[PDB]
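Taking PDB author numbering, I'd label the letters of the sequence shown as residues 1 to 152.
Data block below; observations after.
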Amino acid sequence: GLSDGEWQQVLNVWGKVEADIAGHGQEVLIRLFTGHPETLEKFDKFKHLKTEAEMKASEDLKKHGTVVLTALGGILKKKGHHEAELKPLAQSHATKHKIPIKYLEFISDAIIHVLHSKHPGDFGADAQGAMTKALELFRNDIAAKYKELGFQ
Ligand code: HEM
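The structure is reproduced here in structure tokens:
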């Protein structure tokens, strides 16, 4: 649960991402894959990437980063009223991709890391607080659907 002022902060931060969605999306995925190499094994289309240079050169990885962040932005713009947008993603991630909730924690922390890396000194304590709460709400509502499905 976020206040209006907290949502305002989230959507202000999100404007930074929307100026360069592919570059942000690329860096989020590279931070996830290099920091948590087990996550790469869930992607049949990325498991061939052995080095970060290959990851950086991969146009398909940047494309998937765009898909991911576009979906997340659509959810965030709902300011918590996201049941219809979140349900299919929870279902695909539990039943088809088999992504444990732990990896959603990993990508959440990776988003924070990338924001500080690309906007140093311009991602303030209030903005980090509100963005963190929004990612927690997203993860928690996914977790409820995972529990319904019995997925661990
Ligand atoms: C911010 C959280 C994330 C968002 C919003 C997101 C969004 C998406 C979307 C929109 C798709 C395509 C449609 C679908 O299959 O449902 C996708 C595919 C996928 N997601 Fe996620 N995702 C997230 C986190 C993750 C994480 C943590 C992993 C793995 C570590 C992951 C693994 C995948 C895989 C395996 C695919 C299929 C790729 C394909 O083969 O083309 N997702 N995701």
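For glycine and all other residues, C-beta sits at the position ideal for the given N, C-alpha and C.
Backbone CA spacing between residue i and residue j [nearest angstrom]
{"i": "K63", "j": "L86", "result": "21 Å"}
{"i": "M131", "j": "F106", "result": "15 Å"}
{"i": "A125", "j": "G25", "result": "22 Å"}
{"i": "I112", "j": "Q128", "result": "7 Å"}
{"i": "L61", "j": "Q8", "result": "30 Å"}
{"i": "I30", "j": "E148", "result": "31 Å"}
{"i": "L69", "j": "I21", "result": "7 Å"}
Cβ-based burial, residue i [other Cβ within 10 Å; buried from 16]
{"i": "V67", "result": "exposed"}
{"i": "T39", "result": "buried"}
{"i": "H97", "result": "exposed"}
DSSP state of residue i mapped onto helix, strand, coil
{"i": "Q152", "result": "coil"}
{"i": "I30", "result": "helix"}
{"i": "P37", "result": "helix"}
{"i": "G121", "result": "coil"}
{"i": "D141", "result": "helix"}
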